[PDB]
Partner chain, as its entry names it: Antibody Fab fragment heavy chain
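What follows is one chain in structure tokens, specifically the form solved without the partner chain.
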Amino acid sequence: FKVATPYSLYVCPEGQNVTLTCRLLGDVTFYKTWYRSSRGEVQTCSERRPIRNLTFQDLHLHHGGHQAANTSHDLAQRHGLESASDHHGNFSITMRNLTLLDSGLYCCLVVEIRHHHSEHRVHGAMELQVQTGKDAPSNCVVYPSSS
């Protein structure tokens, strides 16, 4: 049971939209959320820092394997953040109108809860650099995670 991050680096200009993506390979509930963190030597995605004033708890989803889930219209409208899990193990966070305060190390956490004492936690890490200089790209440049 594991998480694939297609892309480890996203380099976007201010004012763009970006979707950060994690993909799930593998009844049971899932807890899935997003937070900014840091890339430690032995542990990455431990510390849970806010994304634009919201926390992993605000952005979290809780859904069954036959189920999709997304954050509310009022969250999207108010914070320009949409977190969404489709039926195909695609888990994403869509950020509207990037500012330089959006840069950071983003983590998707996915918890498989098979039972009260049976939780498996997996995370994916990806950097978002929001650029502001004359050389900033016209839209997101993205760097694959692998091969």
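Positions refer to the first chain, counted from 1.
There is also a form deposited with the partner chain bound; it is not shown, and the following applies to it.
J.: Considering non-hydrogen atoms and a 4.5 Å limit, does the partner chain approach residue 33 in the deposited bound form?
T.: Looking in the deposited bound form, residue contacts with the partner chain include residue 33, since a heavy atom lies within 4.5 Å.
J.: With a 4.5 Å heavy atom cut-off, would you call residue 105 a contact of the partner chain in the deposited bound form?
T.: Output for residue 105 is no: heavy atoms all beyond 4.5 Å of the partner chain.
J.: Against the partner chain in the deposited bound form, would residue 97 count as a contact residue? Criterion: heavy atoms within 4.5 Å.
T.: Residue 97 lies outside the contact set for the partner chain.
J.: Examine residue 111 and determine whether its closest non-hydrogen atom to the partner chain in the deposited bound form is within 4.5 angstroms.
T.: Contact check for residue 111: yes, within 4.5 Å of the partner chain in the deposited bound form.
J.: Using a 4.5 Å cut-off on heavy atoms, which residues of 77-107 contact the partner chain in the deposited bound form?
T.: Heavy-atom contacts to the partner chain in the deposited bound form: nothing from 77-107.
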